[PDB]
Amino acid sequence: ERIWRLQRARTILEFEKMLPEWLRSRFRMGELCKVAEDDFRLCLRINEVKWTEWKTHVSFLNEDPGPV
Amino acid sequence: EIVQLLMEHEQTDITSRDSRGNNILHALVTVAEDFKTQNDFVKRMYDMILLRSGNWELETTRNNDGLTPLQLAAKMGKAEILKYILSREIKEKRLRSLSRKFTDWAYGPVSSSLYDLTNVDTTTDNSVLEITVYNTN
Amino acid sequence: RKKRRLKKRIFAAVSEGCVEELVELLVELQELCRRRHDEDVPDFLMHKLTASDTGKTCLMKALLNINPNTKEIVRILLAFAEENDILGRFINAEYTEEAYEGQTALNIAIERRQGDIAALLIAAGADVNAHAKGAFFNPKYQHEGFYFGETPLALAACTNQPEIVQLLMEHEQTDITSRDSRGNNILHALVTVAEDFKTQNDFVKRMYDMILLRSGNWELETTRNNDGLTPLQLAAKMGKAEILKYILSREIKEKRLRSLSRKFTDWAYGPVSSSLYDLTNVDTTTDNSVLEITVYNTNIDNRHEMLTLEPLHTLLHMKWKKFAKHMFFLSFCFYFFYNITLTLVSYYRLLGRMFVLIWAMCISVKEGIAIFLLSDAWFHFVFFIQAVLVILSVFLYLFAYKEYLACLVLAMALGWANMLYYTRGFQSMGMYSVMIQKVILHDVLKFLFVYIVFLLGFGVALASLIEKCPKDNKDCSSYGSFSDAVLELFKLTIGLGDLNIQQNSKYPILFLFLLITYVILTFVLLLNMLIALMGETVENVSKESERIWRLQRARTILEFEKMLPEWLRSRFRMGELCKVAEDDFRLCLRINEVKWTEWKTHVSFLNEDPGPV
């Protein structure tokens, strides 16, 4: 498993390096998003669930949990 | 306790790079052998030192090899420290900037974590990803 | 200009909540501006107080933006709304958005871990049956949304907030039996959430119990969703186990609610205890019983833990001990004599032919019906192909053709590959056939495909070298034909061939080296097939095979039960009528159990005398 996934990722990066710049720019993995203190940077969204821990979510970027 | 004492003094220089050029963070990354050995205390000191200095300077600098502490933990076989760095959620509203892992919304147990990709994506000269993948050491 | 900035500063000070005195002076200025309007004053007050874009209110913007000083802000806002008599129009408001439709301050506070605020709101006249109907609350793919039955009570129960649940049950305004847009009451919703104990720590079960204790009625579990399923059937259709183990086995101490239970002890003289379950919606008498829902659906991949439960397992075992064993033996005998007469015919080429022609139609129709209903069903398709080929062979036999025999003989082969099916009855032969199936599905196809690849790749070259003409001598230039070379390679891999350096060739050296490399590669590929087998051989094989065995045996049992008529089914009805409580006579299943560890004075028992009869 460790060899298979590793070789797969290596070849993925190989294919990505075979490309030119403008196509890569077009793809643009990740979304630009705003972070506090008037900052804007790349980010990656991942939806996850946690049943074991419950708490008041004081630290949240958006009030409305809507995807858009 | 001694680290607190040292950081409280104004004469102290947290940003002091050694002859090799490494910061405190590079040094700590040169030490995180594994959990079964250390019991994961170096991570605590990393966190405490970052919280003592609310800036990006330490993580931004480079050694004489020309690598960030992140790129260094990727260069070495250092995982726990990297797992910590790439996933930081600080509740402190003032020091929220330093965090890389952000919660966009949490209606309930479902929540969208918003990780960061400044120097992690392949856009940079040497990303964390290429470093991890292109080294058999 | 001034009004828009005013509204923005209102909502911003709410989001920050730096000082309640700011909000006091600000709402005072709002009340002072309220005097300007003479008619339709409260509506404009709300509009200036409400974000008409999304249908959001300042109280919601507050509850979303939690801070320690929030209670005072909410008290101020509610006292203001009461002073102006807009408390009802203010609390019950919700969004106009397509996804956030129906969301209220109560569902917000309950989405948070704050209950005191919810109590304050309910005391102020808050709606408790607020149905939040939206794409967010009614999503697909379990991504970008969260489903909980669309009620505050269900939200609190799913999120482990039992105090708020007790509160919402205490109010007479509450509607426990309130069905949602999907038709699911709170029980169905809880059943939609109980992923696994390792993930939840089994709190949903406790809330199920508490809720049923709060409502001493069969009303809820009798309900049906838009799909038409009781919450029991809902848990069964899903991959939910612990909740089902709770439901199917309930022993209640409260003599008043003793009727709600489904498990009962009718006598226990000591360690012995003859436990007594129920079979209302479990036996096959119902339209879609729990048993069918468990057995037929492969969408779960958890049916082992499901069927290992006591009542279902005992029902299956008893139904096999009564009739299904005999029915399986009987079908086996039929197919035995069928194929034997088929062999007698095919060897010597009237009564046996007639018997075969009569018995083939039943198999054909049953296979067609099964396919219309339809790697568990492979056997049905195989039997269907067999019967089709047999009928084609006989039809050809009537005509003056010669190909008929071919189809016939093929069926024979397939027929003798189908007897393996009946071997699945025996437990040893059961795991035997299941190992056959699993291995042929997982490991063998890889070997066969890649070996065909190598066959082609090397046989093309062998034929190419053998292109040297033998001067019209097939014996001289062996490996001449491509298929001939592949056949020689096959004989070699089996070892029947008679290898020898062929003078009819330009290069014996390269020929020999290539042949040796081929043999080495074939051996190594076979060896890797063996290795990939042994890798999973130990752990997964036994458990998976036994699970599949039990599963398919239950499937067969249910099939044969469906084959029977109404009256024979009525005769073989497992279970017995029993008086449970308060003139209640229901069906039950008996299990005599023994426990030497847990000692207790047996208080609750149906029958005083422990006699079996």
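The numbering of chain C matches Swiss-Prot: 114-462, 484-508, 518-756, in order.
Structure method, as recorded: electron microscopy, 4.0 Å.
A Cβ is built for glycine as well, from the same backbone N, Cα and C atoms used for every other residue.
Between the stretches C:253-278, C:621-646, C:699-724, Swiss-Prot puts its intramembrane segment entry on C:621-646.
When Cβ atoms from all protein chains are considered, those within 10 Å of C:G638 (Na(+) binding site) total 7, not counting its own.
DSSP assigns C:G638 (Na(+) binding site) to coil in the three-state reduction, placing it in neither a helix nor a strand. Taking H, G and I as helix, E and B as strand and the rest as coil, DSSP gives the repeat 'ANK 6' (C:340-362) the counts 14 helix, 0 strand, 9 coil. Residues 215, 217, 219-220, 223-224, 226, 228, 231-232, 235, 241-246, 250-251, 297-299, 301-303, 305-306, 316-317, 319-320, 323-324, 327-328, 332-333, 336 of the same chain sit 6 or more residues outside the repeat 'ANK 4' (C:261-291) yet have a Cβ under 8 Å from a Cβ within it. For the repeat 'ANK 1' (C:117-148), same-chain residues at least 6 beyond its ends with a Cβ under 8 Å from one of its own Cβ atoms are 154, 158, 161-162, 164, 171, 174-175, 178, 180, 182-183, 185-186, 189-190, 193, 197. According to DSSP, the secondary structure content of the repeat 'ANK 4' (C:261-291) in residues is 16 helix, 0 strand, 15 coil.
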